[PDB]
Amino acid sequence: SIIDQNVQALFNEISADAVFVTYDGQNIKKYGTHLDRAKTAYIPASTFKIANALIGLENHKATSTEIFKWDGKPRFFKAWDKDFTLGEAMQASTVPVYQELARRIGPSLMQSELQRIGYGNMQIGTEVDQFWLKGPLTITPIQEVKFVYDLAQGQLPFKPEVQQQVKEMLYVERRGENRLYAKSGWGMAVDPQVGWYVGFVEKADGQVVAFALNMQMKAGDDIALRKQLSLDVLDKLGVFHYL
């Protein structure tokens, strides 16, 4: 089609290895300059916040109303120097809040919950507040896309109210009837550094298009490029047209 061409021509602009995967419940579609990336496992980085919230709510280690208090030790960013709910930390990608959550879960529950749902290679090593940021946990774009697809459908192995709560922590914007949910990620502590823009689009007519951008990142890159590249693709596909 000409849709594909317009989509690929977008990537013909970008000088970084990238793949963009879509999943509608039937077919995987892959776009970008390095298609092989879709099958390659990278660290989830801050995309793991989705499964961290799920496991934590499912196992009574937090609620979506509980306030995670700033403990006075300044954080990497100044925007992180306050109190957060898990939903608020989800949009601000507040890492220390989600590290506290991982420490509340602990290594034994975290491991067995990840085996139970089959998330990536299901490997955490020895530091329970670090495995998604530096490894050994890794996951393919195809796996991320099918994961967030089931989330949107309520079909993950978690209580339906728990998926509903983490789902709405991901809500970004709606255009007329169509809803966009998304989570970004930048694993800087690894070589190569990996960028993520995972999420989905919920039509009003029930249908769901999950998506996963995965690209290589350089120190200094445009922190906004992951989201603006994904919205351009989704518009070129006709899944989430610009207004």
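Under this definition, the rigid core comprises the largest set of C-alpha atoms superposing within 1.5 Å between the forms. Residue numbers run from 1 along the displayed sequence.
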(request) Just give me the stretch that moves more in 8 other deposited structures of this protein: 230 to 238 or 11 to 19, judged by RMS C-alpha distance after a core fit. (result) 11 to 19
(request) Could you settle it for me: does 115 to 123 or 68 to 76 have the higher average Cα B factor in the PDB entry? (result) 68 to 76
(request) Output the stretch having the higher mean C-alpha B factor in the entry; the candidates are 148 to 156 and 124 to 132. (result) 124 to 132
(request) Among the candidates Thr47, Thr33, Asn214, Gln26, give the one with the maximum CA B-factor reported in the record. (result) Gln26
(request) Sort the modelled residues of this chain by their C-alpha B factor and say whether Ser230 lands in the lowest, middle or highest third. (result) middle
(request) Relative to the other modelled residues of the same chain, rank the CA B-factor of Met90 and answer lowest, middle or highest third. (result) middle
(request) Please place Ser184 in the lowest, middle or highest third of its chain by C-alpha B factor as given in the entry. (result) lowest
(message) Ranking every modelled residue in this chain by its Cα temperature factor as given in the entry, which third contains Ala204?
(response) highest
(request) Divide the modelled residues of the chain into thirds by Cα B-factor and specify which third, lowest, middle or highest, holds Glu168. (result) lowest
